[PDB]
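This document starts with one chain, in the form deposited in one PDB entry, laid out as structure tokens.
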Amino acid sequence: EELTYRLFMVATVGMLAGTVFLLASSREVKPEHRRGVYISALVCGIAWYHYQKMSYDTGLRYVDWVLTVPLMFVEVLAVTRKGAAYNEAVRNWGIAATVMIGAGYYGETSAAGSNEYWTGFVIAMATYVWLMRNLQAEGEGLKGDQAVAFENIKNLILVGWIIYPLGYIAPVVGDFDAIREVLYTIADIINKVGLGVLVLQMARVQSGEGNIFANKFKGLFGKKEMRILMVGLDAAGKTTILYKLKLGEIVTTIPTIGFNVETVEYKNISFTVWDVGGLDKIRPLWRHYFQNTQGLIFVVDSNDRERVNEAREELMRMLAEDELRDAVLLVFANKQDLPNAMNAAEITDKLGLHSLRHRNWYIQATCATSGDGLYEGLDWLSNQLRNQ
């Protein structure tokens, strides 16, 4: 009695602290890797609100499970599934979890050892095994650090959720009516807080420059046609950016002597790269690549203070082209890691971006060698071209 009540007090302070740790740790992870951490904090918030209320009514616990369990499948399936396979998995797992929790409440509210007690146990165990068998099959396409991090998510549920049927069986294998609530509370505190930490641990590892398996920049553009021109002075870092995106092989062509072109194609997205400036006889040939250009990326070496003025003249002359009147401008203030590098505010000032009228533009300080800022700039450019 007095011991079964002390755990209800610790879990209440535990679920709130879990929400406190997850929300406070969501700052040290990239914003694109926060959707799972926020849902994990929502799970601990729903648990804290119910564990404050919880002669002892068990319906408050099953109301907590019927809401949090499918939400924990949401933060798990989002790691492996994306589109149509995601909504079909969340729907099936959410239905299976509803039948599991529903069958348990049907049997637990009945008399222990009755036929309704075991009927609810059988159906719940069947859906329980179904959910666990599908969880084992998930993550087959994951590689590297995400495969390891998702394996910890799999093992925590596969092992941690065993406590629940054991707590359900306890009242009939002995005089263990309070052990059922103890095992439920320990399992709720361990699984819900633990999964949030593992989702946070996954977000910490996902938010990084590591792109061995070339997945970081994949889910930004979608399926629409998107022709992107990425230009800038020589040595600005353009070829380095193309390698960092890891969206495909760089196709290098020399249509005429003195004119070098690089292209990368992925789905219906494309980047075309050449140097601006140089000989005046090469300039007219750029016109053969301007039509139907949606995004214009200008890469500038922020450490080259001697040629920052020549970079502006090339940008403005490019923006004067009538075929690029609707092109969305994205300025990459590259090489921010160098000691003499000008910040994004000074690059905007020296490039005169505030004088541009009727032009949807954005400047992003980047380090192409490490990849910092590349995702933020492309995410903005993708948002402009998809939502227009």
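So that there is no doubt, residue numbering starts at 1 and follows the sequence shown. C-alpha atoms forming the largest set that superposes within 1.5 Å between two forms make up the rigid core.
What comes next is about the form deposited in another entry, which is not displayed.
Enquirer: Taking the rigid core as the reference frame, tell me whether residue 352 has a CA displacement of 2 angstroms or more between the shown form and the other one.
Expert: No, its C-alpha moves less than 2 Å.
Enquirer: If we fit on the core, is the Cα of residue 325 displaced 2 Å or more between the shown form and the other one?
Expert: No, shifts by less than 2 Å.
Enquirer: Kindly check if the Cα atom of residue 337 is displaced 2 angstroms or more between the shown form and the other one relative to the superposed rigid core.
Expert: It does not, since the residue 337 C-alpha is displaced less than 2 Å between the shown form and the other one after the core fit.
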